[PDB]
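Chains as they are written, first to last, in the deposited numbering: chain CT, 1 to 393; chain CU, 1 to 393; chain CW, 2 to 44, 52 to 469, 512 to 596; chain CV, 2 to 44, 52 to 469, 512 to 596. The beta carbon of each residue, even a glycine, is placed where N, CA and C say it ideally should be. Heads up, the thing below is written out as structure tokens.
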């Protein structure tokens, strides 16, 4: 009853010669539903894992071993900008109109797309920030020093501060580099949770505002990329052993809830949802569709493979991009309403200026009148017509 | 932060002479909170258990070994009517403006207070209907033949139906007379449950619209009277052993929910919440306050006992009415808004007449105008005043 | 020292010319609403002195001959009575006489309307204190009622209304409150009020004047509330006689409307359809007091029937002083009679039995006029449900049958469909959960129509429409208050698709909480992913996250 | 055979006299809205013949000299264009010329307003088809714009406006749509539109005319939307220059308003307060094109400042054609400057530093006029939040400080409190969850005030009030989007009592989902029994029963 689309990104040299694929393309746009096709491509891009962000108007891409961000316009269909940042980028995401960027130096910056501010935190992490997740209220950064720092967006973003920023909390139960970070859509203090994975083959569900660790899970291989289902009921985890694992948090024995065990106890997940033949390789990117029935994985040998979660059948290969696939981002089929539109980005400048916001204002029917009720009604409303006849005579 | 009131009813001869209590009074009105007091009394009444119904305007009382219903006016403070019904009454309750009455013959009637209809069902129960509970959509009647019949209000109440009425369902897992019946406030098909107790020391929680039996509980003594907590999380059960029992449906191990066992399994409730010395006697009537923090019990020796559910302390005696206490009904401290007020009842007449409804129509602000917005506003609204000045010049 | 607001009021009242004061009235009202405390003080400090000079200035503005000054004093009296309380109510008596004098004097009509509103507020506020009722309300009230009835009385023999119908609406609105509050004082004026409000109860096209809807509503409200003034506690008897007379008037107009169609309907109550002359156009009404004004023409008869049905609706809208007997059986029989006559579908004109003596144009006009009568019947059912609540459960089957027949006959009108959706929501809220299978089966086309309207508005099968909003409000009720076991799987799938594509949180939540089980005894998948994706941070999903 | 509705339309149009047709317009509109299908058919069957006769009769009504006939034709053209579609749009060209001719002819002004609405609907519907834009919209549009600007042009040198201000509101509303749709055609008229709409942007008391609020709103909307007509894609530059000129005008008026008070404020952006002559009343404005009309008096200056703040609000209300630069820093500095000046509490008049040369009456007028300026500032903050959404997070601390200072200074005014509650809900929805302890501590009196207003309305500590409704809407937000750990136990208990006694389902649900843990580290008892007792069958408790 819908059409569904997703955006792919590749990295590295082309793997096989004479496959007739374009060598210059680095970002693809596909239509997953109803039938597989390619809408458009973007040229000259090499994006590592977790360095791609997709909005309705722009695609932001972090470049491998390079501090620049390539910004492409989805509206015009070309490359918009070559943004230069102070330090090399390990990961970047997009929350609202803010690009949140972690670096090799361990710093965190927030670049506001519309205002051009570059809010740079002191290097709280000792080594490189590997994964970043965000909410409307908090920003969570996991680094190579096994510390997941939880920061407040309000303290980082606000204007008149000249003092250094500090994280609200540090979640340090992990003992190795944080590979992935996923966050529940709830922002309430009691009901929220964030799910993190590390190189020590451990995956912890936290309550990040309280700082507590709700649940601990152990996998046979260390988790590469993670995604929760749209209902926030299950976790899909890719691993180094070329397998995909599913964890039901509200299944037979709930991981979280009234029927759960003690939070100090450890749950080990050993049954693979699926496995991948090693000529395809372990999945490097993992994404879940809008309905959640069907899933997409990207592999370093070029194959994009579709998994049926409900049907539990064998995965089928969509296409071979002849390059290591690093990012798959689903785009929502329904379009949301936002009062502004970001047609163009504003590059970060350290020059002192008044605070300015740059966007296109969208028609949102904020101004309402009785004349609009006259206009939009089929015919004329009865009371307004009666007043018109009284005014006529 | 509130005042709370309850209505008591007694039965039988006065137990002790020279106690200076009035012998003619049968119904009392008390104030439980803030301090114990008696507002008013009603004369010449002898009410068995489950035969008292309290509304905002009237108190309906079934008489012992007598087919009449005494109707008292809470507004005027006197006895309104001596209603005559075809058969002797074992139990009666009030849903909306309808008095639902079970008999010794096993018949069920619905007497509409405002219209005077007396809808009499065929005697589906072989013996006397002992308990009646109501839902806005359904009516549940438990009898001495161990069958709880679930009836639809819409099929009983409708006008042009001249055929005999039939129950929607029959719940017959019990093997003895149904002593008590409680209904959850949920009216949905999936989430509702009804709690029933029988003389075989059994208490079954059903889903009455599906007809399934969700849970089975066994008590050391057969349950006399039962009341659910306002949150529908616990059951309070009085028994023949002069003790009160509490069962938590969502406690450590839930009786109902995801953490519950198989519905065929049996849970035995053996830990008494409290006990009562046999000079006071086992509690014959049971009620729960609006907040649910405190509880009230009536006893055959006259004592009204107040129980602290949260504090779990020893019970205290409010008063000795020197007669067997058969009913305690709490009245809600906050007043609800109802479009009609039943000042007077209409006695049931079998004579053929047009369908007429008798009530006083209450002010409900159903008619709204801009002149009302002019009147109720402090001063005048700015736009209306501007239009007034334009019309003035 | 005085508060700044009071001395600003005094200086602006002293300095300003009287003719420019209505333009400064908003700021003066704002300032005097600010300083309620000095006026609330019971009556030397400068605050009390400025309060005394302020009240003296109000009295001098009111009594003096200046229409601008009278308008400004009306506004100031309204605000001062709003903020002062008992101390202002003690001295409001020369203000009451002054406002009645403003109504008597020839002034701009907006000043008269504001005086009417201010006097109504004065009487409602004086109702609290019995001594002030004896001193103020009882003597001054007959003069106010006479002054209003002088304005709204029609001298229709000589000349038409010099008073606009909006002002008649204002006077009827004020008298609607005052008949409820002061029954015995307003009792002598009831015969005049009935004669004044006779033309606005059910206007027709033959009346040749356009009546605003608010005028009809407040005229009906005032004639229903006039039963309060019945002597010797006769309110209930007058109410019953009036509603039964309205029902009989509906039936007599329905005879002349349905002259063209042979009626198979037979009355439960015992009404008999009189023979109707086939020659000429339908006609009715009269110049008598009990009869509504005369009409001629089939469209005028349909308008009269619609106005009578709206009057019957206003019966259930207004309150009563004493318990009254509501003839539900007579209204049910009347609505059954009006809903049994349905217009033919296209190509099915010959199927309906008609009197051969009637011309084809009258038949076409009748087929055009039927859906408005049906819409008025459905609105009457909505008002009956709203007033009765759980007491309207025994009428549910008949109202369902009438609603299904009407919505099937007039499926192509969006207004009839919208009223059917609004009625169906209340029906299912009362007695939808225990419906049999056949009732669900005849309700199925209404569900299909509502889902089609919602999907058309969303564009998935566009701008919001009132029929679309009514169907969107109806959409969660199809899950919550309808038996899912009786619904076919196609209807449930259509409902789920409509809820998803409409982005309706309530319908998606209700579909999540009410799963559908088919013949194979296995549940269909929930639409929870769509709900969490579209509304992640909403409160309902937060309750789901408990 | 034709449908009955179309034949009824033809017969009633043939039989009725032309002067009584406006009274029959509702039934004619209903019948022609019914028969949309015959008009939708592309143009012998009787249906097509009756459609041709109907369109011919509409054209004859429109072109003929009868104001009643022209009014009826306007209504029929509106309904026919509503229901017919492309077949009516391809022939609406003589109807377009006829409606413009109706506007040119001296007719009743309601007919002119209906012609304006019908022509606006015609242009919006013609926007879909490019060929019809080339054939119909482009030639006819300059004549329509000239006809409207002829009406709303002020001949103020010769006479006041012969046209009422509601009709000016109508014309501005139509031109607001047409400048967005047809920028290049409406480009030559922008200089005339600016001169026509100059007096209604920020009216003062010195203007001596009462301006309706809708006229000011649509005048501001049209002057903001006139940037669409800027040549060579200059829309964004004109928008930025206009908003910065408005900010500078606010600052220059604020100088003459706050002449009486020594200001400790120093600008972040770099604005400097010019010296102000202490002698005489404050004055400003001018007759220039860039300057707003002149004002004199402190109350007039406050009205001008409030109107300029409402203009700045309308900047965020209206859309833009191209991306624009929004000076949030300048607006933040301006609002900081206006909110820093607060009126003294009673007995604290001497604490505020004032210029000794100013009279005491001017100080009193300033203390009276400050809360309205503060209310306009808070409404500006609300509009900024509504447009920016998550981009307004950096301004949250400053808006919180301004809101707390304003609500503390003007605690006795219910309107200021209501606007503070409405602002506080949006503030807490954006950035309330991560607030520090001191921000919660200064927010505590606002929570106390809101709970007191709710309890006063409920009567537990009465009729509903707008401030009460605003506080009731704010009440669930105090649980959902405020740190419960920072709240004292007294404030949490007051919130729970307010939620229980208010019978508000959302606040009780939010208190159930957000438990309070004290310093003793155990949770307070929940208020779930009150919620289940008051709302047993509601949907939220049904979700809790999952």
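Element boundaries [beta strand (DSSP E), containing residue i]
i                       : result
residue 394 of chain CT : Residue 394 of chain CT is absent from the model: chain CT starts at 1 and stops at 393.
residue 39 of chain CT  : 37-43
residue 30 of chain CU  : 25-33
residue 102 of chain CT : 98-103
residue 53 of chain CV  : Run containing residue 53 of chain CV: none; DSSP gives neither H nor E here.
residue 299 of chain CU : Note, residue 299 of chain CU: premise wrong, no beta strand (DSSP E); not H, not E.
residue 319 of chain CV : Note, residue 319 of chain CV: premise wrong, no beta strand (DSSP E); alpha helix (DSSP H) at 306-325.
residue 360 of chain CT : 356-361
Inter-residue spacing [alpha-carbon to alpha-carbon] between residue i and residue j
i                       : j                       : result
residue 226 of chain CU : residue 142 of chain CU : 14 Å
residue 6 of chain CT   : residue 73 of chain CT  : 16 Å
residue 10 of chain CW  : residue 37 of chain CW  : 12 Å
residue 192 of chain CW : residue 251 of chain CW : 23 Å
residue 458 of chain CW : residue 560 of chain CW : 17 Å
residue 31 of chain CW  : residue 52 of chain CW  : 27 Å
residue 214 of chain CU : residue 193 of chain CU : 8 Å
residue 69 of chain CV  : residue 255 of chain CW : 41 Å
Buried or exposed by the 16-neighbour rule on C-beta atoms within 10 Å, applied to residue i
i                       : result
residue 197 of chain CV : buried
residue 57 of chain CW  : exposed
residue 434 of chain CV : buried
residue 137 of chain CT : buried
residue 39 of chain CV  : buried
Nearest-angstrom Cβ-Cβ length linking residue i and residue j, presumed shorter than 8 Å
i                       : j                       : result
residue 350 of chain CW : residue 378 of chain CW : 7 Å
residue 133 of chain CT : residue 93 of chain CT  : 7 Å
residue 285 of chain CT : residue 244 of chain CT : Going by Cβ atoms, the distance from residue 285 of chain CT to residue 244 of chain CT rounds to 12 Å, so no, they are not a contact pair.
residue 345 of chain CT : residue 71 of chain CT  : 6 Å
residue 517 of chain CW : residue 425 of chain CW : 5 Å
residue 216 of chain CU : residue 235 of chain CU : The pair is not a contact, with the Cβ atoms about 13 Å apart (cut-off 8 Å).
residue 443 of chain CV : residue 533 of chain CV : 6 Å
Residue span of the alpha helix (DSSP H) that contains residue i, given as start and end
i                       : result
residue 456 of chain CW : 445-466
residue 26 of chain CV  : 22-35
### Query
On the three-pair Cβ rule with 8 Å, is the region 365-385 of chain CT touching the region 42-50 of chain CU?
Output reads no: the region 42-50 of chain CU does not touch the region 365-385 of chain CT.
### Task
Answer yes if the region 355-368 of chain CU comes into contact with the region 334-342 of chain CU, meaning at least three C-beta pairs across the two stretches below 8 Å, and no otherwise.
yes
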